[PDB]
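>>> sequence, then structure. It's an experimental one.
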Amino acid sequence: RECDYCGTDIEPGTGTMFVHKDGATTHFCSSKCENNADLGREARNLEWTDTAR
Amino acid sequence: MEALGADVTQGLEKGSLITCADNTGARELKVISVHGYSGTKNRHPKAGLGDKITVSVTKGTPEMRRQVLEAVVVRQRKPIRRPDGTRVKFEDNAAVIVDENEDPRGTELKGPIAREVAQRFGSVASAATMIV
Amino acid sequence: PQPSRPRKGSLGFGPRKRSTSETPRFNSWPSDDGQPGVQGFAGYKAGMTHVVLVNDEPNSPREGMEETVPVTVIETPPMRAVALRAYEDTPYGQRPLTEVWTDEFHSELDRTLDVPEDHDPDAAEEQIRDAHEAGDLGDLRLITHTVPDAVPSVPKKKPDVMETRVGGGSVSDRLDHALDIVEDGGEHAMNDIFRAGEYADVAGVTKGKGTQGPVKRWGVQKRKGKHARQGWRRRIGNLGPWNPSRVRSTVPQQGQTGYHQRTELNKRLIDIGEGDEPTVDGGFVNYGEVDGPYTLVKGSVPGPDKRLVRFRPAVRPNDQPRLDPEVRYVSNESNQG
RNA sequence: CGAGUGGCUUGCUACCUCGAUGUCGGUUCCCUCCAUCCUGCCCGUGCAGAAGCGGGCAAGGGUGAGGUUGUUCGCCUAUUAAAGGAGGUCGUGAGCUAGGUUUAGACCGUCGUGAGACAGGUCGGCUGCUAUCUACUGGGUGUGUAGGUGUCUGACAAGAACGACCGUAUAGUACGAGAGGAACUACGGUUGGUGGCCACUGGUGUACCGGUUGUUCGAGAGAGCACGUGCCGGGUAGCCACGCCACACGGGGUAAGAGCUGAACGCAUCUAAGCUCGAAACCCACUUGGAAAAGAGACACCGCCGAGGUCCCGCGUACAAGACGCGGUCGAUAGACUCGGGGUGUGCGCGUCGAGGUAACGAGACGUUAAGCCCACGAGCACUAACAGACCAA
RNA sequence: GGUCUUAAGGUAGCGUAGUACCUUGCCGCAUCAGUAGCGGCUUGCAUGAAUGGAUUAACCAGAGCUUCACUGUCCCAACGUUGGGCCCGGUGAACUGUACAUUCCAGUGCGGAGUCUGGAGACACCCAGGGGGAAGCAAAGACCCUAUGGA
RNA sequence: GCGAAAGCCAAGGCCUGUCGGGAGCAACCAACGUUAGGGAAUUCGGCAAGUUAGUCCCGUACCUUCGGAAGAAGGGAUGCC
RNA sequence: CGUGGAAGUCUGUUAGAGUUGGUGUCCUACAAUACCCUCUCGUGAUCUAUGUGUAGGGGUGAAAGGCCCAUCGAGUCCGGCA
Ligand SMILES: [Cl-]
Ligand SMILES: [Cl-]
Ligand SMILES: [K+]
Ligand SMILES: [Mg+2]
Ligand SMILES: [Mg+2]
Ligand SMILES: [Mg+2]
Ligand SMILES: [Mg+2]
Ligand SMILES: [Mg+2]
Ligand SMILES: [Mg+2]
Ligand SMILES: [Mg+2]
Ligand SMILES: [Mg+2]
Ligand SMILES: [Mg+2]
Ligand SMILES: [Mg+2]
Ligand SMILES: [Mg+2]
Ligand SMILES: [Mg+2]
Ligand SMILES: [Mg+2]
Ligand SMILES: [Mg+2]
Ligand SMILES: [Mg+2]
Ligand SMILES: [Mg+2]
Ligand SMILES: [Mg+2]
Ligand SMILES: [Mg+2]
Ligand SMILES: [Mg+2]
Ligand SMILES: [Mg+2]
Ligand SMILES: [Mg+2]
Ligand SMILES: [Mg+2]
Ligand code: NA
Ligand code: NA
Ligand code: NA
Ligand code: NA
Ligand code: NA
Ligand code: NA
Ligand code: NA
Ligand code: NA
Ligand code: NA
Ligand code: NA
Ligand code: NA
Ligand code: NA
Ligand code: NA
Ligand code: NA
Ligand code: NA
Ligand code: NA
Ligand code: NA
Ligand code: NA
Ligand code: NA
Ligand SMILES: [Sr+2]
Ligand SMILES: [Sr+2]
Ligand SMILES: [Sr+2]
Ligand SMILES: [Sr+2]
Ligand SMILES: [Sr+2]
Ligand SMILES: [Sr+2]
Ligand SMILES: [Sr+2]
Ligand SMILES: [Sr+2]
Ligand SMILES: [Sr+2]
Ligand SMILES: [Sr+2]
Ligand SMILES: [Sr+2]
Ligand SMILES: [Sr+2]
Ligand SMILES: [Sr+2]
Ligand SMILES: [Sr+2]
Ligand SMILES: [Sr+2]
Ligand SMILES: [Sr+2]
Ligand SMILES: [Sr+2]
Ligand SMILES: [Sr+2]
Ligand SMILES: [Sr+2]
Ligand SMILES: [Sr+2]
Ligand SMILES: [Sr+2]
Ligand SMILES: [Sr+2]
Ligand SMILES: [Sr+2]
Ligand SMILES: [Sr+2]
Ligand SMILES: [Sr+2]
Ligand SMILES: [Sr+2]
Ligand SMILES: [Sr+2]
Ligand SMILES: [Sr+2]
Ligand SMILES: [Sr+2]
Ligand SMILES: [Sr+2]
Ligand SMILES: [Sr+2]
Ligand SMILES: [Sr+2]
Ligand SMILES: [Sr+2]
Ligand SMILES: [Sr+2]
């Protein structure tokens, strides 16, 4: 699988899956990505993220 | 009970306020007891995903308010572990009111449900829109 | 009438003091069922990683599906069985009779032992056989040592010596099997005794935590509410009643925590191999890089990294052996991050 | 109606203590009793089944969370296998609490001429001490057994190391007209307890990186201070639980009980002799400690002018002193450097853009730049430091 | 009862009260559950009018109760920070001491023993600890009674 | 900055709120920071802690002795150039 | 609508005065009444310095039997007194 935030290949047997109110599903590779996402930051705007570069 | 097929870290306690994910007329539920549970000294009795709980209706329609009914915990904010290692968590803590034969009191279920709760309570599954 | 509650901590691992030997000593051995063989092995703890595995249990609903299982990597290089000890059945229990040694000694063995120069392996062998004829032979065990030199991550070159039992068929046939292992050079591997999928018993001297209070040591409560702010936070209520006018050894008190021997039962051996397959990127934190003979033990193993752990075929297994599990993926991800 | 046991209730007495043995309830932590609430095994039934009712053995384990009340007790709610009782100075204030009782202030009611009283109510109202001995938890130093290293043995010691529940198949079957509805066994899980561990999830992380408010060093750059991080964001190692792993079966002997053979007593009789079975209880099994077990142990090798040990030195898988473990050039033990693996999130400077502004100036944007900065981990690497050298010893 | 003591015989109000023994009074509100709190009823053991009754906006480090919000008060504890604590140099008290003293289980004794009896256990010394016992230390009991005491 | 407020800094004063050295520095204690999910279940009692917060705009109930209640409540705004 | 600027008026660690809770710290103390946080009053029946008056069965007391030099339901000293 691939991270629905940063875009890196999630290591199998690792990570978290957040289930939104509507039913949408967001797979996260780390706590760092969950935190940046909860801050209201978008992956495309963060230079370190694979989606951006 | 039948194995959930997941390891749960109980996110609720006796006295906890949760959402009622159905069209019964009940909006907010209060956890009173957990079926089959027996704790230890000083421990607040814990409830989690897939547990059948006795509940109290806090907010809702006058006819549904103040009633003591049974319910099934359908969603929780605290993570659960799936056999493939991955952790899964929800937006809120929610439950579906149920009767004597484990059948839902309402007709329509609001919001998503965990696949593990579906395996255990079949009539709740075949009433759910989204199963994650 | 004040609620009941089980006591704080177990009384079966007492006294909670420092271990005499850092090298674990088994107090029990498996039965004599199959063919003659050495009843144990040893290695050095490396660290942890996860593995993806295919479910082996026929009674499990998830049979055939991919399951993520935690694993402790232990470097298990070949050991040397330098001697064979024989026990006699005296009215005071089992007492050591004689020992049969070798000529081929590992170069760095003189760091622990006073290496034999003049020995008689034939006369000692005869003594054991006369004791077998007399019907007074107890059991046969092999004096064994590790080669920490073969492990680059472990600083020690001083071999860890331990005794291991030989169990099997008849007493006559296992006496001969024991002598054959010894005579060569005593070189044996994990493969010789264990197979992947087998349940083993892992013994180890735990992580040393020095002196700790009753809360950490015995799992007692902290003072609650108002009682927490008076000058007493993590101290027990009382040391006992008025009568008996003494403090019982059963009351939870401060002292040594950690560095005790533990024998963890029924540990499934996921895989035995040789190579750089279980290594973590950037090396295992506070250990190093694994590139040699190893074992993947399911779950946790007592003791810290670099510590000598011991293996024994399960004396009390619950499940039936499900040999050679299908390992689809081994994590090589960095333990830093 | 009669006979008792206990010492939990109350009463009686006035033996002990008035140069003081702190007091109700609660809390916390430990041991125990059985008159057993649940769990195990049994007998009876007004025992079809299911569910009960009554009785026997049995104290291994368990017996929980909450609403009023200072309450003990109790009433009440929802869970539960069940939510048993009692002793330990009504266990426990040189442990805690101060709500109650129990001073000095005050009010109300009642009584009193009054001061004042109340075995009534009510608001407020103080809790000292550096442990000598002993006791236990852990840690050392000596002596004994009488040179050293390594490996063991097992007298004894501790354990609950496991207890309990739900579900599935059995089976909608046995049983019963029907309603209803089991078990043996085999499986999956949950719960409480227990021991250990950190790959994974989570917490911390006043290491570290970044944003940024006030002020000070003229601005810039870069810094100090704002409590022992100014605040906010992220967070490695480690330590952790809210995370993860592990914790039988089976033997042996019994209790209540079910029986066999069997006599006294030609029969009968589970008992008198003998025997087969049979409890979560007992013993073993399993884990932990354990040569100071005074019968003070065993084996093997090294050694008595030399085996080994100590000091010293570099360090931790160890650690409050002491102890323990590893390495010491025949070396990777620690540091430096370089990689790797990680944290943050794009450096200073310069270029272009930039709302405007005549210009001066200009918050900011992009590029250079996965940049800059940093790391409690790993690898490489003898470059620096593990040098020099002393002592004890049959 | 349909007067009598001793003059009158409780009027407005308020009322289970900071006054109500019975008492967790009854009904209701609220809660899963409310000896609480509030409302109503109220025969008030033994309310009540300047021994002031009642009512009340405002005020309050006054007493009780409820809701929203918040949170380590709790479930259940973890990690960290600073000063101690520990080791070293220097400085350097006090409380306390009939004697003896390694105790433990039972017993006995003025009935609540480290010291008596019977057993069990116990090699000596030292370090750290939390305080079970010395009916621990500190105070010729504040309570109770007593004295031909005091104020 | 509203300020004789906080915080920072001069002039001036001081390192004499006068014992030091060492251990990643253990238990335990005093002060304190942060804790997932839950959210008063704790307790006699939210004790302790926390939450809110400055300023402007909108808006503000019962009751009232017409003063008050009231900053009721509630909602929005807030920097730099 | 403005002006005006009243108040035993409000907020306020302004100075200053006081002392609610923590039943925190201390309790052979720093201290024979201390330390910290919290809290109250802060234009008035306000707070404060100095000077001065009231004396022991007497003062003084917005009253607690409070206070009258660590001494108060009758101060302290010496004497009566052995
Ligand atoms: Cl419950
Ligand atoms: Cl407590
Ligand atoms: K007394
Ligand atoms: Mg409790
Ligand atoms: Mg990690
Ligand atoms: Mg990661
Ligand atoms: Mg009985
Ligand atoms: Mg018992
Ligand atoms: Mg009582
Ligand atoms: Mg008592
Ligand atoms: Mg006590
Ligand atoms: Mg006390
Ligand atoms: Mg004390
Ligand atoms: Mg009270
Ligand atoms: Mg009171
Ligand atoms: Mg009433
Ligand atoms: Mg005492
Ligand atoms: Mg006296
Ligand atoms: Mg008196
Ligand atoms: Mg008199
Ligand atoms: Mg929290
Ligand atoms: Mg409670
Ligand atoms: Mg408070
Ligand atoms: Mg004057
Ligand atoms: Mg008085
Ligand atoms: Na204290
Ligand atoms: Na009797
Ligand atoms: Na009595
Ligand atoms: Na007493
Ligand atoms: Na008590
Ligand atoms: Na029992
Ligand atoms: Na109660
Ligand atoms: Na006591
Ligand atoms: Na008490
Ligand atoms: Na006290
Ligand atoms: Na048996
Ligand atoms: Na006032
Ligand atoms: Na805290
Ligand atoms: Na003295
Ligand atoms: Na003591
Ligand atoms: Na008097
Ligand atoms: Na006017
Ligand atoms: Na104060
Ligand atoms: Na006088
Ligand atoms: Sr052994
Ligand atoms: Sr043993
Ligand atoms: Sr206190
Ligand atoms: Sr005693
Ligand atoms: Sr009995
Ligand atoms: Sr039963
Ligand atoms: Sr409560
Ligand atoms: Sr009662
Ligand atoms: Sr008790
Ligand atoms: Sr009190
Ligand atoms: Sr009074
Ligand atoms: Sr009274
Ligand atoms: Sr001797
Ligand atoms: Sr069934
Ligand atoms: Sr049916
Ligand atoms: Sr600072
Ligand atoms: Sr703020
Ligand atoms: Sr029998
Ligand atoms: Sr010996
Ligand atoms: Sr009347
Ligand atoms: Sr009045
Ligand atoms: Sr102490
Ligand atoms: Sr200056
Ligand atoms: Sr000085
Ligand atoms: Sr943080
Ligand atoms: Sr409450
Ligand atoms: Sr607002
Ligand atoms: Sr004023
Ligand atoms: Sr108080
Ligand atoms: Sr102090
Ligand atoms: Sr004091
Ligand atoms: Sr405080
Ligand atoms: Sr003020
Ligand atoms: Sr005199």
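Happy to help now that I have it. Residues are numbered from 1 along each chain as shown, chains lettered A, B, ... in the order given. Ligands and ions are numbered 1, 2, ... in the order given.

>>> what residue of the chain is the furthest out?
This is for chain A. The outermost residue of chain A, judged against the average C-alpha position, is residue A:22 (17.9 Å), by CA atoms, centre = their mean.

>>> wait, I meant chain B there
No residue in chain B sits farther from the centre than residue B:41, which is 24.7 Å out by CA atoms, centre = their mean.

>>> secondary structure class for the nearest residue to that one once chain neighbours are set aside?
For residue B:41, ignoring the flanking residues on the chain, the nearest one in space by CB to CB, 6 or more residues apart in numbering or on different chains is residue C:5 at 4.0 Å. Every residue, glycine included, has its C-beta placed from N, CA and C. The local conformation at residue C:5, judged by DSSP: H, G, I helix; E, B strand; the rest coil, is coil.

>>> for residue C:5, grab the count of nearby residues.
11 (other CB atoms under 10 Å in any protein chain shown).

>>> can I assume the residue farthest from the centre of chain B is in contact with residue C:8?
No - using CB atoms under 8 Å, residue B:41 is not in contact with residue C:8, being 11.3 Å away.

>>> so how far is ligand 1 from whatever residue of chain A ends up closest to RNA strand F?
Residue of chain A nearest RNA strand F, by CB to the nearest atom of the strand: residue A:38 (10.0 Å). To ligand 1, residue A:38 is 34 Å away according to CB to the ion, to the nearest Å.

>>> kindly report the same for residue C:62.
Distance of residue C:62 to ligand 1, given as CB to the ion: 32 Å.

>>> what of residue B:19?
Using CB to the ion, we find residue B:19 at a distance of 21 Å from ligand 1.

>>> spatially nearest residue to that residue, not counting backbone neighbours?
Closest to residue B:19 by CB to CB, 6+ apart is residue B:94, at 4.3 Å.

>>> quick one: neighbours of that neighbour, just the number.
Neighbour tally, residue B:94, other CB under 10 Å: 25.

>>> before we move on, what about the one 4 residues further on?
When counting by other CB under 10 Å, one arrives at 22 neighbours for residue B:98.

>>> same thing with residue B:7?
Considering only other CB under 10 Å, residue B:7 is surrounded by 11 other residues.

>>> for the residue in chain C positioned nearest to RNA strand F, give me its contacts.
Closest residue of chain C to RNA strand F, CB to the nearest atom of the strand: residue C:213 (2.4 Å). With contact taken as CB atoms under 8 Å, 6 or more residues apart in numbering or on different chains, residue C:213 is in contact with C:234, C:235, C:254.

>>> hang on, the last one packs against residue C:217?
Right, residue C:254. Yes - the pair residue C:254 / residue C:217 is scored as a contact, 6.8 Å apart, by CB under 8 Å.

>>> tell me which of those two has more neighbours.
Neighbour totals were compared for residue C:254 and residue C:217, and residue C:217 leads with 20 against 16 (other CB under 10 Å).

>>> hmm, back to that, and the residue of chain A closest to RNA strand F, its phi and psi?
phi -80, psi -20 (degrees, to the nearest 10).

>>> that one and residue C:198, how far apart?
46 Å (CB to CB, to the nearest Å).

>>> stretch C:143-162: which residues count as buried?
For stretch C:143-162, a neighbour-count test (16 or more other CB atoms under 10 Å in any protein chain shown) marks C:143-151, C:153-154, C:158-160, C:162 as buried.

>>> can you give me the neighbour number for the closest residue to residue C:328 other than its chain neighbours?
Sequence neighbours aside, residue C:52 is the residue nearest to residue C:328 in space, at 4.8 Å (criterion: CB to CB, 6+ apart). By other CB under 10 Å, 18 other residues sit near residue C:52.

>>> let's verify the single nearest residue of the stretch 101-250 of chain C relative to chain B: helix, strand, or coil?
Closest to chain B within the stretch 101-250 of chain C is residue C:221: 7.7 Å, counting by CB to the nearest CB. Under three-state DSSP, residue C:221 falls in the coil class.

>>> number of nearby residues for it?
Residues near residue C:221, counting by other CB under 10 Å, number 15.

>>> where's it relative to residue C:238, distance?
13 Å.

>>> and what of residue B:83?
Look at residue B:83 and residue C:238: by CB to CB, they are 47 Å apart.

>>> contacting residues for residue C:189?
Shown in contact with residue C:189 (CB under 8 Å, 6+ apart): C:76, C:78, C:293.

>>> inside strands: which ones of those residues?
Among those, the ones falling in strands (DSSP state E) are residue C:293.

>>> OK, contacts around residue 53?
Using chain A. So residue A:53 contacts residue A:47 (CB under 8 Å, 6+ apart).

>>> wrong one, chain C
By CB under 8 Å, 6+ apart, residue C:53 lies in contact with C:66, C:67, C:68, C:69, C:270, C:325, C:326, C:327, C:328.

>>> and what of residue B:42?
residue C:221.

>>> same question, residue C:182
C:81, C:82, C:83, C:84, C:100, C:101, C:102, C:142.

>>> does RNA strand D sit close to the helix or strand it falls within?
Using DSSP states H and E, residue C:182 sits within helix C:171-184. No - Helix C:171-184 stays clear of RNA strand D (CB under 7 Å from any atom of the strand), getting no nearer than 12.5 Å.

>>> show me where the chain has helices.
No chain in the question, so chain A it is. With DSSP state H as the criterion, chain A has helices at A:31-38.

>>> nope, chain B please
Under DSSP H, chain B gives helices at B:115-120, B:122-125.

>>> comparing residue B:83 and residue C:238, which residue is more hemmed in?
Applying other CB under 10 Å to residue B:83 and residue C:238 shows that residue B:83 carries more neighbours, namely 16 against 8.

>>> sorry, back to before: who's more crowded, residue A:38 and residue C:198?
Set residue A:38 next to residue C:198 and count neighbours by other CB under 10 Å: residue C:198 wins out with 19 against 9.

>>> residues in contact with that one?
With contact set as CB under 8 Å, 6+ apart, residue C:198 has these partners: C:268, C:269, C:313, C:314, C:321, C:323.

>>> got the phi/psi numbers for it?
Dihedral angles for residue C:198 - degrees, to the nearest 10 - are phi -80, psi 150.

>>> can you say which two of the buried residues of stretch C:143-162 are spatially most distant?
Using CB to CB, the buried residues of stretch C:143-162 reach their maximum pairwise distance at C:143 and C:153, which is 25.8 Å.

>>> quick one, which of the helices of chain B is nearest to chain C?
Across these (criterion: CB to the nearest CB), the nearest stretch is helix B:115-120, sitting at 9.4 Å.

>>> can you say which of the contacts of residue C:53 are buried?
Burial by neighbour count, judged by 16+ other CB under 10 Å, picks out C:66, C:67, C:68, C:69, C:270, C:325, C:327 from these.
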